[PDB]
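Heads up: the structure comes next, in structure tokens.
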Amino acid sequence: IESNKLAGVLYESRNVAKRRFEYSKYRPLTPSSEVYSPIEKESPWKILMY
Amino acid sequence: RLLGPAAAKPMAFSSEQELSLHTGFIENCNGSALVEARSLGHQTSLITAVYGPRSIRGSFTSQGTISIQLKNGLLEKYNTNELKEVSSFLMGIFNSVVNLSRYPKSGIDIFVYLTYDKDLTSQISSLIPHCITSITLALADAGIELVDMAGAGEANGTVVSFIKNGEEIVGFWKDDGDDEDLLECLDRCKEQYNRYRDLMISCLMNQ
Amino acid sequence: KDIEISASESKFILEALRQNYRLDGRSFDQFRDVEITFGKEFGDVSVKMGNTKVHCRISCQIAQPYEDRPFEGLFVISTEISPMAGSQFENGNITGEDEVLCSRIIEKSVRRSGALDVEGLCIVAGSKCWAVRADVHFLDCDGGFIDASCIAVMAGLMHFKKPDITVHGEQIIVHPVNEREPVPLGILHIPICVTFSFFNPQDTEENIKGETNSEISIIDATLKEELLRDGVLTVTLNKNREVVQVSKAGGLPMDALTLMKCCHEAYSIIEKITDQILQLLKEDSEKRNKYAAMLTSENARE
Amino acid sequence: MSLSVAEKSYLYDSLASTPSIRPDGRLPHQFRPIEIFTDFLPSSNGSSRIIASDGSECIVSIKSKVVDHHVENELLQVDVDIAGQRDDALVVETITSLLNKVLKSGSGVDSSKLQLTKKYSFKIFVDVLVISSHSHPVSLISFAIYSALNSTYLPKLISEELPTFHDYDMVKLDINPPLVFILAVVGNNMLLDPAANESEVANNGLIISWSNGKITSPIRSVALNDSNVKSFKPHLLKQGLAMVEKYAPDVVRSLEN
Amino acid sequence: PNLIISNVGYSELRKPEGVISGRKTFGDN
Amino acid sequence: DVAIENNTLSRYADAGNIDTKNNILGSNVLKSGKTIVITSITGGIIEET
Amino acid sequence: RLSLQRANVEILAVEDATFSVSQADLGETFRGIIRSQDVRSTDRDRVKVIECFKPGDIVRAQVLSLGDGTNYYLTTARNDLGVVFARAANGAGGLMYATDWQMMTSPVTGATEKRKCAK
Amino acid sequence: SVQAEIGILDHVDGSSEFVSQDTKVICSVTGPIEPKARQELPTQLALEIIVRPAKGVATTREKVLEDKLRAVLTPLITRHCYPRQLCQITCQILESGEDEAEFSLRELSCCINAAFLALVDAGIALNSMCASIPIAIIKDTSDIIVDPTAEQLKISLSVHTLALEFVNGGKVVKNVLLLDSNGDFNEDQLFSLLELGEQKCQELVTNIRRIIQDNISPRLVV
Amino acid sequence: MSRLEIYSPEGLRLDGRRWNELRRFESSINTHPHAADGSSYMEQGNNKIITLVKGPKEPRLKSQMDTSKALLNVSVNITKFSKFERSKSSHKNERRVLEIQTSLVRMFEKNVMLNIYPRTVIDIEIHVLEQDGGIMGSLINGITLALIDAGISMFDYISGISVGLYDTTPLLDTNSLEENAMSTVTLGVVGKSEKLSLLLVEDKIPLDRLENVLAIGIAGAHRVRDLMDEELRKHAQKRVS
Amino acid sequence: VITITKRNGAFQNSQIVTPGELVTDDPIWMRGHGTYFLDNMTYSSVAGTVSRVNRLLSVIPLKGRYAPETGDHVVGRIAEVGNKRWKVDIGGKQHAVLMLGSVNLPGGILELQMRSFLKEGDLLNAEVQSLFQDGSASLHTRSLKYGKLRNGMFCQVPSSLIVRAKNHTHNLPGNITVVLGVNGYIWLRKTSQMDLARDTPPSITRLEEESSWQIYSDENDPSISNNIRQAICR
Amino acid sequence: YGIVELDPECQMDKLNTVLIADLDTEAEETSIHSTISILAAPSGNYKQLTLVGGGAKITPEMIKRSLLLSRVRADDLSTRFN
Amino acid sequence: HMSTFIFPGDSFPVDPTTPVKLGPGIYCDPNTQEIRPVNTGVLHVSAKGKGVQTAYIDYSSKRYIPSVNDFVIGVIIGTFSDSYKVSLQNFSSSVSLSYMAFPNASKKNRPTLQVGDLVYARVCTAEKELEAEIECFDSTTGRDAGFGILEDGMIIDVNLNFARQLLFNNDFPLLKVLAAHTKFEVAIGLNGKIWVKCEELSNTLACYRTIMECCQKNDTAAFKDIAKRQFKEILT
């Protein structure tokens with residue numbers, strides 16, 4: 001409150017509380033910080049080959 | 001730089017156009033030239049040096065960048081404002097002749113030294129056709145690519161630079177003079193451009 | 001290329017000031033003891049206050065007066081700082097904010113404030129006059145740059161002597177130094193500079209709209225105290241109770257009562273530094289003129 | 001300006017075609033709306049402030065000084081200062097040397113219209129200040145000095161001794177101020193008064209000076225951009241040159257109003 | 001030609017042989 | 001080796017036909033090897049008291 | 001310049017043998033960078049560039065990928081590539097000659113210095 | 001007899017003050033320190049030599065003064081043991097002791113000695129020692145005299161500033177660092193002063209060694 | 001003009017005003033919405049100052065950039081035609097101008113919340129079209145009103161007022177003729193407070209008189225703040241509705 | 001013909017708060033943008049109107065630039081090419097960053113030649129992925145809808161004049177497609193194959209899209225209708 | 001003039017040094033760290049001498065040689081064209 | 001056992017036959033291959049048969065040169081990705097303090113050091129052609145006591161001679177005369193930095209003033225009277 005950054009922390013706290021769980025098959029195609037899935041990579045086996 | 005005392009005052013006193021062409025004789029730059037013209041009561045003697053092409057560190061331009069600079073010599077010292085005016089006109093011409101797309105991420109520096117400009121009786125109009133013919137000889141000596149030779153001529157203040165045997169105009173300059181003198185001034189410089197064009201090739205092929 | 005200050009050192013000096021402590025051991029209103037060392041020729045003055053050492057060189061020459069003031073002489077001054085006083089000064093940077101603010105303060109104190117008699121420096125109106133030059137050499141930097149430089153220039157002008165000139169209508173003959181004894185310059189008042197450094201144990205917000213003034217002000221800061229300084233103030237007074245010039249721009253916005261207090265605290269300082277320069281000049285004169293008691297011509301009768 | 005090569009080819013293909021489609025759709029003989037303010041500096045004889053459509057703003061001030069014309073060569077000195085650019089910059093001294101030729105004492109403007117006694121005469125100081133610019137401002141300054149010179153008032157002469165001037169009355173400066181126009185050629189089409197994006201992809205540029213209802217001497221053909229620099233047919237030189245002879249009287253009728 | 005060992009620093013020339021404490025906390029007294 | 005040219009760029013180059021508009025008092029175009037040196041000399045005057 | 005993981009150089013010539021002298025010192029000359037991963041042919045992950053090059057040594061290195069934002073990418077992972085001309089104590093000694101693959105010695109001074117030789 | 005003091009500045013690695021006759025020069029040495037982009041040398045140490053006059057700004061007169069002083073200190077410092085480093089050597093002439101417009105030999109002689117002293121106090125690798133003296137000849141007797149006063153210069157025909165290099169206890173002369181002369185002289189007088197200048201600089205380093213020992217020794221194990 | 005009465009026994013100055021009266025104050029906001037994000041045409045008396053605020057934006061080069069605050073640049077350009085006699089000197093690189101440019105940066109870098117805008121630069125461009133005494137104070141009020149137009153967060157107003165002392169009588173808002181006949185003091189008061197962010201004294205003033213000059217100086221500066229504040233009220237109300 | 005406006009004589013033609021005044025003395029509030037807390041009392045740092053949304057107290061300034069928020073469809077041109085990141089000019093207070101991993105590369109996992117297909121000045125459109133501590137925006141081009149703009153002309157409008165809607169881009173009559181960005185960067189181009197076919201009308205673990213450099217090529221469409229180009233100018 | 005110190009590694013107790021007259025080219029100006037520039041006048045008179053001995057040791061042998069080699073240089077120049 | 005004052009360029013009073021281990025102040029010419037002094041100071045030698053002999057020159061200096069196995073105090077001026085950037089002395093070049101050069105270092109957790117923090121480390125790399133490196137734990141022995149952040153306190157700038165005579169010479173009557181007045185902890189840095197810290201600020205300041213006065217005064221027997229007067233001055 002003295003640093004006047006209280007509103008910035010509470011705004012980010014809302015985006016954390018607004019996080020939504022979704023299965024990997026029905027996840028959004030556009031990568032978003034609001035949705036989460038166990039698999040968020042288009043081809044997960046590509047990052048294991050490299 | 002001494003300049004001496006500031007209490008000192010400077011002294012106050014109360015058809016056919018010969019041409020000379022040379023090139024080289026300079027080891028600092030890549031290509032140089034020297035043009036001299038003596039006709040009626042006016043003589044011209046200026047030296048042109050081309051320091052390039054130099055690769056520019058951190059540049060990412062698609063084509064080259066020309067840098068022309070006219071420097072006052074030792075006689076008939078012009079004002080510095082008009083020297084850079086002719087330089088900007090010289091860059092506007094050579095940006096269409098020099099193959100800029102061949103030298104990416106690099107620039108070309110031009111140094112023309114109007115060493116001895118003398119009048120025996122705007123005065124810079126008569127010197128412009130002599131500066132253009134000195135840079136083309138110096139740019140070709142430096143291995144730089146130019147699309148056809150570039151020359152110019154004088155017709156009472158009006159200076160027009162042609163290219164491709166006078167088929168297309170690359171630059172136009174006029175100061176003082178008169179009115180409605182256009183087609184005659186173009187043909188007076190068109191035949192003068194060809195006089196300077198083939199003379200540059202004759203000097204650049206000798207040994 | 002700049003001085004690195006550790007967070008531990010920055011916190012210590014601030015808290016020491018909150019306990020009325022200075023690393024060098026002075027008080028919050030104690031000016032550094034000044035020392036004047038006169039050179040060989042006239043106008044060669046070396047000033048040493050604390051670890052800060054400065055050297056001034058006074059010269060003059062014949063020049064053309066200004067077209068708007070043909071009855072006054074010129075006063076030139078340039079304080080170019082070399083890496084000798086510290087490797088943080090890049091050589092050749094004559095446009096530095098410290099060099100700019102130093103010259104403008106001394107120029108206002110000497111020339112504009114009427115310290116040097118410019119009207120007496122006029123030989124022929126609108127043609128020939130004296131252009132006194134003050135070259136200040138910063139030898140060792142430890143704060144108080146414009147404080148010592150102002151003492152050096154004022155001690156230098158009072159110690160310098162200009163060549164004698166005899167006017168024969170329109171001609172001007174500069175008498176050699178061996179021919180006639182040079183004449184000293186005329187000095188009306190003695191401007192002495194006193195700088196003030198300010199600190200706030202709070203922050204900027206508690207200082208803009210805060211009635212409780214918790215600022216800490218110190219007189220003549222050192223280099224380490226200067227690097228941790230928040231607000232800066234420079235006043236210049238003379239022994240005639242006159243404010244020669246004041247320069248306060250930026251830093252902590254202070255109130256009128258504290259700035260007036262800075263002047264009254266600085267007057268007791270400039271009053272003592274004035275009498276020291278008058279005494280050290282008197283002792284240096286007797287050093288050069290040892291047998292001056294026998295060579296007096298204007299003597300009283302009976 | 002700075003654009004992408006993707007849109008540079010789009011504007012190049014659209015301005016070189018036979019319809020000659022302009023970006024903003026204006027005709028090759030049309031101009032952009034301009035605001036001009038005059039007479040606002042009491043300490044100066046003449047003054048003018050011009051504002052363009054793209055945001056270019058330029059201020060011109062006019063001062064006077066009595067000087068012996070037998071020892072003073074040029075009586076019309078133009079001092080140009082562009083904000084953000086050095087006084088010794090290459091782009092500043094070119095316009096400074098170019099405007100001194102379009103307003104030369106004797107050539108561009110006759111000295112007889114500012115003479116006083118047979119010995120003394122008035123010297124005109126034209127101070128130019130460019131607050132902002134996005135293209136070549138030589139054509140914008142000409143419009144500013146035009147309205148400034150036509151709104152200038154100098155003290156009246158009272159009459160070999162030193163001249164004396166009246167206290168209240170001041171005479172108007174009756175001077176025909178030359179005008180400067182900028183033309184850009186795109187392949188085979190002429191464009192009068194180009195824009196920041198038109199002049200960036202153009203092939204070459206033309207500068208024409210207009211004085212006393214005719215094309216006067218100081219003209220140039222400087223390139224507007226270092227990227228696309230092409231040589232032009234001589235038939236294009238006379239096309240745009242004779243094109244201003246038809247629409248410049250429409251400019252003066254709207255500018256001298 | 002000489003019997004030359006590379007120029008060594010100031011610390012390796014001493015006698016404690018690296019059993020030196022650079023930060024000594026003086027407690028009490 | 002050197003090669004010089006004196007009074008070549010001065011107003012007094014031709015002792016019979018002087019230059020109409022020139023200020024250089026003397027010149028010397030020296031060249032030693034591949035270096036080129038040009039030395040012109042202008043003139044002034046000061047009033048002493 | 002010698003960095004912990006790279007070595008800044010300056011391109012002086014180029015071949016197609018025959019060469020070509022560069023620009024004559026002042027800046028605006030072609031420079032490159034030899035990454036530590038391309039110094040040797042074996043054990044490309046752990047190398048000591050201080051034992052491979054010293055400031056003022058002529059190194060023959062082949063260029064690689066042209067990410068010429070400012071420098072070039074070079075390599076010395078061969079036998080004919082490496083230090084071809086150097087001097088003891090960074091020019092303060094005698095002219096050294098490449099003996100082994102990573103050992104350079106000057107005959108007169110007799111001193112040895114570890115380089116990335118090319119023989 | 002000349003005076004000299006070492007270690008007078010608090011914000012430089014090495015400081016010095018050389019006083020001879022009336023000329024006084026204070027020098028300041030700082031290094032090795034981080035150089036700039038255009039200053040760093042790949043193999044050896046870089047030098048930033050700067051001399052300043054007593055009056056006025058640094059004109060072109062002091063520029064040749066820097067270039068001559070630079071040639072004296074460059075071979076004297078072991079530059080190769082400080083790669084990619086800088087050393088600032090600033091010489092401030094407090095009193096000229098001569099005529100600045102007509103002469104510039106006494107200031108060069110004091111800047112050389114003051115710079116060498118400040119290089120010793122700063123702890124920079126020096127291959128040897130240095131000593132510089134001014135030499136002129138009076139047109140009357142035409143004989144060689146060292147450290148001529150200000151009045152003796154105006155009557156001199158030729159001036160000289162000899163800088164030498166001494167090794168092995170300040171006795172063996174390794175090489176002649178600088179001998180700058182201007183005026184009227186011949187070959188017979190050249191060695192007539194070069195032999196006399198070698199024995200006047202030998203007693204100078206012997207006097208310098210005594211000075212730089214009375215101040216460094218108390219600061220060490222004492 | 002000529003030999004005028006500076007302060008007659010009738011309390012009237014050479015221009016008609018009295019000891020505590022100010023010149024006419026006509027400020028203008030958002031005069032260059034096409035050349036800068038902040039704009040203020042200051043017309044305090046005969047003075048006519050154009051102030052532009054370009055920013056906060058990325059610096060043209062990544063060399064100078066503070067990752068914890070902003071960079072505040074002030075460019076004061078005194079035109080040649082600022083006075084009656086056209087200036088022959090350069091004025092731009094003048095040492096007196098660099099002192100003013102620096103004094104303005106220090107004055108506002110403490111008042112402008114540079115922390116709110118990190119890794120940015122705020123360029124302030126000033127052009128003086130005409131001057132007539134008290135030019136320093138009018139430079140202050142122009143920057144204040146120009147930053148507000150740019151939407152830059154500030155702690156309070158910064159007011160510029162000039163006060164002269166003629167014998168034993170202070171004079172508010174000194175013109176050119178008054179500055180050439182007495183000592184001048186320019187103040188930089190913060191809002192309705194008595195905190196001074198600027199105090200320039202360039203001529204000799206008795207110590208026994210400086211305190212009263214400062215009090216009458218800050219009092220007139222508050223009056224300058226209201227005239228700027230009332231200008232923003234009228235500009236904001238007519239813009240919304 | 002020219003239309004010149006002339007003048008003579010002069011140089012030219014809720015709760016409103018000013019910086020430095022007191023807005024409230026109630027500590028039970030959340031200090032927002034354009035507001036600084038001090039001594040349990042709230043003051044305004046800019047000039048504008050007071051906004052009271054929930055307990056968030058903020059001041060809306062008059063002249064306000066573009067504020068980058070998470071999930072904004074913007075248009076910007078590349079300002080410079082850095083080490084694996086490209087600073088793009090969106091129009092805010094700083095340059096938005098575009099990491100190399102935020103765009104679709106045709107090569108993929110298989111090369112510091114970034115300037116080959118995306119140099120300085122190139123115009124494109126993307127979406128704001130997140131924000132930094134200082135307020136800088138981070139964009140991404142992980143969608144086929146976001147690509148390098150071409151076949152049109154660029155223009156700029158004030159940021160406070162763009163209304164936020166569902167579809168960021170719209171198809172207009174005359175075979176013209178408009179791209180409205182909240183930053184104020186509009187792109188008027190002819191309708192392409194993408195904006196025409198989309199804007200108007202258990203053993204699956206997803207797959208990776210194969211996108212070539214066909215959308216990064218500077219080569220514009222060869223034949224653009226003359227009747228269409230005159231519509232873009234209109 | 002210049003005093004160059006050789007080396008046995010380029011075609012050995014001690015060595016021999018040679019004197020080079022009129023330095024030129026980037027090769028000589030960079031490597032040679034010991035030069036002698038002098039102004040020679042007729043009748044065996046000298047006007048200016050600079051003796052820098054940074055590189056090799058300047059023996060009195062090469063001092064007398066540079067002086068005599070300059071007297072002939074001043075005689076040819078003064079009698080080159082006039 | 002010989003100690004005499006020498007000068008740069010003087011003869012070296014050591015026979016070439018004897019094996020020698022030179023150190024600071026003595027240089028080996030890469031051409032003449034001879035041994036010559038390059039510093040002005042006392043020449044120290046020690047002939048021992050067990051059978052190696054060493055020689056070095058103790059000269060007065062204030063600019064610190066990074067040398068291996070040195071205890072230095074630095075200020076953190078930059079935080080890179082894989083290391084820190086520390087400043088051992090103003091104007092001098094920077095040194096590298098890697099994140100892995102800490103007790104219990106790991107790739108997962110970074111050190112809790114921020115800019116402006118005083119660190120105490122050991123110089124592990126001092127190559128002339130490379131950037132110097134430091135570490136908060138002796139990578140040769142495993143020691144780590146005393147190394148780390150020096151929270152609060154006050155740092156002191158002294159010459160290099162005063163630092164070595166305080167760390168190695170146990171007979172230097174400074175820590176003994178200071179402990180007789182107040183309890184404190186000191187951190188001796190060979191780069192001319194002496195970090196002190198007491199319970200009260202009045203005692204820490206008194207330690208700052210004594211070390212400063214004892215640094216310029218060469219009389220060692222006067223350290224008792226300096227602290228006697230200095231600790232008496234803070235009582236007012």
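Chain labels run A, B, ... following the order of the structure tokens; each chain numbers its residues from 1, and ligands are numbered from 1 in the order shown.
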Output as a PDB file with N, CA and C atoms, in the first residue's frame the set of chain J residues within 12 Å of chain C, with distances taken over only C-alpha atoms.
```
ATOM      1  N   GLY J  20      -2.060  17.053  -7.673  1.00  0.00           N
ATOM      2  CA  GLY J  20      -1.696  17.749  -6.455  1.00  0.00           C
ATOM      3  C   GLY J  20      -2.844  18.007  -5.504  1.00  0.00           C
ATOM      4  N   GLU J  21      -4.076  17.696  -5.890  1.00  0.00           N
ATOM      5  CA  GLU J  21      -5.234  17.951  -5.047  1.00  0.00           C
ATOM      6  C   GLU J  21      -5.667  16.679  -4.325  1.00  0.00           C
ATOM      7  N   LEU J  22      -6.480  16.870  -3.290  1.00  0.00           N
ATOM      8  CA  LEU J  22      -6.987  15.773  -2.478  1.00  0.00           C
ATOM      9  C   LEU J  22      -8.283  15.242  -3.080  1.00  0.00           C
ATOM     10  N   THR J  35      -2.591   7.878  -9.409  1.00  0.00           N
ATOM     11  CA  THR J  35      -2.935   8.086  -8.011  1.00  0.00           C
ATOM     12  C   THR J  35      -1.757   7.648  -7.157  1.00  0.00           C
ATOM     13  N   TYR J  36      -1.404   8.467  -6.165  1.00  0.00           N
ATOM     14  CA  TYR J  36      -0.326   8.138  -5.242  1.00  0.00           C
ATOM     15  C   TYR J  36      -0.816   8.279  -3.810  1.00  0.00           C
ATOM     16  N   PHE J  37      -0.575   7.247  -3.008  1.00  0.00           N
ATOM     17  CA  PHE J  37      -0.953   7.246  -1.605  1.00  0.00           C
ATOM     18  C   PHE J  37       0.040   8.066  -0.791  1.00  0.00           C
ATOM     19  N   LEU J  38      -0.475   8.755   0.228  1.00  0.00           N
ATOM     20  CA  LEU J  38       0.370   9.589   1.070  1.00  0.00           C
ATOM     21  C   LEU J  38      -0.319   9.987   2.370  1.00  0.00           C
ATOM     22  N   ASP J  39       0.233   9.543   3.503  1.00  0.00           N
ATOM     23  CA  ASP J  39      -0.207   9.976   4.832  1.00  0.00           C
ATOM     24  C   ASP J  39      -1.684   9.651   5.066  1.00  0.00           C
ATOM     25  N   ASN J  40      -2.062   8.411   4.759  1.00  0.00           N
ATOM     26  CA  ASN J  40      -3.422   7.896   4.905  1.00  0.00           C
ATOM     27  C   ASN J  40      -4.443   8.662   4.070  1.00  0.00           C
ATOM     28  N   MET J  41      -3.994   9.552   3.190  1.00  0.00           N
ATOM     29  CA  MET J  41      -4.873  10.330   2.331  1.00  0.00           C
ATOM     30  C   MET J  41      -4.489  10.102   0.876  1.00  0.00           C
ATOM     31  N   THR J  42      -5.475  10.225  -0.006  1.00  0.00           N
ATOM     32  CA  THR J  42      -5.315   9.902  -1.416  1.00  0.00           C
ATOM     33  C   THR J  42      -5.243  11.183  -2.235  1.00  0.00           C
ATOM     34  N   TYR J  43      -4.256  11.260  -3.125  1.00  0.00           N
ATOM     35  CA  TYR J  43      -4.102  12.385  -4.034  1.00  0.00           C
ATOM     36  C   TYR J  43      -4.014  11.870  -5.464  1.00  0.00           C
ATOM     37  N   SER J  45      -2.304  12.082  -9.281  1.00  0.00           N
ATOM     38  CA  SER J  45      -1.035  12.399  -9.921  1.00  0.00           C
ATOM     39  C   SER J  45      -1.192  12.983 -11.317  1.00  0.00           C
TER      40      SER J  45
END
```
Could the residues of chain L that have an atom at most 12 Å from chain C be listed as a tab-separated table, each with its closest atom pair and the distance in Å to one decimal, counting only C-alpha atoms and ordered by chain and ascending residue number?
```
residue	atom	partner	partner_atom	distance
L:73	CA	C:6	CA	10.9
L:74	CA	C:6	CA	8.9
L:75	CA	C:6	CA	5.9
L:76	CA	C:6	CA	7.9
L:77	CA	C:4	CA	7.8
L:78	CA	C:4	CA	11.4
L:86	CA	C:4	CA	10.3
L:87	CA	C:4	CA	7.8
L:88	CA	C:4	CA	9.9
L:89	CA	C:4	CA	8.4
L:90	CA	C:3	CA	6.0
L:91	CA	C:1	CA	5.6
L:92	CA	C:1	CA	8.6
L:93	CA	C:1	CA	9.8
L:94	CA	C:1	CA	11.4
L:113	CA	C:7	CA	11.9
L:114	CA	C:7	CA	9.8
L:115	CA	C:7	CA	8.0
L:116	CA	C:6	CA	4.6
L:117	CA	C:7	CA	6.0
L:118	CA	C:6	CA	6.6
L:119	CA	C:6	CA	10.2
L:149	CA	C:8	CA	10.4
L:150	CA	C:8	CA	8.2
L:151	CA	C:8	CA	6.9
L:152	CA	C:8	CA	4.8
L:153	CA	C:8	CA	6.2
L:154	CA	C:9	CA	5.4
L:155	CA	C:9	CA	6.3
L:156	CA	C:9	CA	9.2
L:157	CA	C:9	CA	11.4
L:193	CA	C:6	CA	12.0
L:194	CA	C:9	CA	12.0
L:195	CA	C:9	CA	9.8
L:196	CA	C:8	CA	10.8
L:197	CA	C:12	CA	10.3
L:198	CA	C:12	CA	11.8
L:200	CA	C:16	CA	10.6
L:201	CA	C:16	CA	7.1
L:202	CA	C:16	CA	8.3
L:203	CA	C:16	CA	11.2
L:204	CA	C:12	CA	9.4
L:205	CA	C:23	CA	7.1
L:206	CA	C:23	CA	9.2
L:207	CA	C:23	CA	10.7
L:208	CA	C:23	CA	7.9
L:209	CA	C:23	CA	7.3
L:210	CA	C:23	CA	11.1
L:212	CA	C:24	CA	9.9
L:213	CA	C:24	CA	10.6
L:230	CA	C:25	CA	10.0
L:233	CA	C:25	CA	9.0
L:234	CA	C:21	CA	8.9
L:235	CA	C:21	CA	11.6
L:236	CA	C:20	CA	10.9
```
Output the selection as an mmCIF file, in the first residue's frame - C-alpha atoms for each residue.
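Contents of out01.cif, freshly written:
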```
data_model
loop_
_atom_site.group_PDB
_atom_site.id
_atom_site.type_symbol
_atom_site.label_atom_id
_atom_site.label_comp_id
_atom_site.auth_asym_id
_atom_site.auth_seq_id
_atom_site.Cartn_x
_atom_site.Cartn_y
_atom_site.Cartn_z
ATOM 1 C CA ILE L 73 35.939 -7.810 -0.911
ATOM 2 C CA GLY L 74 33.730 -6.897 -3.851
ATOM 3 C CA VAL L 75 30.503 -5.059 -4.621
ATOM 4 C CA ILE L 76 27.884 -6.687 -6.844
ATOM 5 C CA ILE L 77 27.174 -4.367 -9.778
ATOM 6 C CA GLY L 78 25.379 -6.680 -12.221
ATOM 7 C CA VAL L 86 31.517 -7.833 -9.013
ATOM 8 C CA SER L 87 33.662 -4.708 -8.614
ATOM 9 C CA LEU L 88 36.783 -5.307 -6.520
ATOM 10 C CA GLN L 89 37.825 -1.650 -6.891
ATOM 11 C CA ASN L 90 36.509 1.468 -8.598
ATOM 12 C CA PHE L 91 37.583 2.146 -12.200
ATOM 13 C CA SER L 92 39.212 -1.297 -12.336
ATOM 14 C CA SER L 93 37.942 -4.126 -14.519
ATOM 15 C CA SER L 94 35.125 -6.443 -13.463
ATOM 16 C CA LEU L 113 22.711 -12.056 -3.688
ATOM 17 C CA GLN L 114 21.469 -8.790 -5.183
ATOM 18 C CA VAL L 115 23.264 -5.717 -6.492
ATOM 19 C CA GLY L 116 25.056 -3.494 -3.998
ATOM 20 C CA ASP L 117 25.906 -6.436 -1.722
ATOM 21 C CA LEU L 118 29.388 -6.740 -0.240
ATOM 22 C CA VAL L 119 30.802 -10.221 -0.842
ATOM 23 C CA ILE L 149 27.431 -11.587 2.138
ATOM 24 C CA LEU L 150 28.777 -8.983 4.577
ATOM 25 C CA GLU L 151 25.434 -7.669 5.812
ATOM 26 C CA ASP L 152 25.471 -4.050 7.019
ATOM 27 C CA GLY L 153 28.527 -2.558 8.713
ATOM 28 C CA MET L 154 30.976 -0.230 6.975
ATOM 29 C CA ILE L 155 33.760 -0.670 4.417
ATOM 30 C CA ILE L 156 37.143 1.079 4.535
ATOM 31 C CA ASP L 157 39.493 1.964 1.670
ATOM 32 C CA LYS L 193 39.075 -3.069 1.496
ATOM 33 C CA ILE L 194 38.572 -3.514 5.251
ATOM 34 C CA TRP L 195 35.001 -4.306 6.320
ATOM 35 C CA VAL L 196 34.145 -3.737 9.988
ATOM 36 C CA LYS L 197 30.968 -4.084 12.045
ATOM 37 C CA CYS L 198 30.017 -3.517 15.698
ATOM 38 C CA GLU L 200 26.288 0.047 17.955
ATOM 39 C CA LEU L 201 26.999 2.478 15.133
ATOM 40 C CA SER L 202 29.111 4.597 17.497
ATOM 41 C CA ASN L 203 31.654 1.772 17.802
ATOM 42 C CA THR L 204 31.687 0.967 14.077
ATOM 43 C CA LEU L 205 32.389 4.619 13.262
ATOM 44 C CA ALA L 206 35.235 4.672 15.791
ATOM 45 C CA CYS L 207 36.764 1.664 14.027
ATOM 46 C CA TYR L 208 36.428 3.464 10.685
ATOM 47 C CA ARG L 209 38.281 6.514 12.017
ATOM 48 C CA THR L 210 41.174 4.565 13.565
ATOM 49 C CA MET L 212 41.863 5.575 8.349
ATOM 50 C CA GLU L 213 44.275 7.428 10.643
ATOM 51 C CA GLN L 230 39.444 8.285 18.754
ATOM 52 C CA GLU L 233 36.000 11.570 20.857
ATOM 53 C CA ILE L 234 32.790 9.613 20.178
ATOM 54 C CA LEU L 235 31.772 9.934 23.843
ATOM 55 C CA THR L 236 30.686 13.571 23.392
#
```
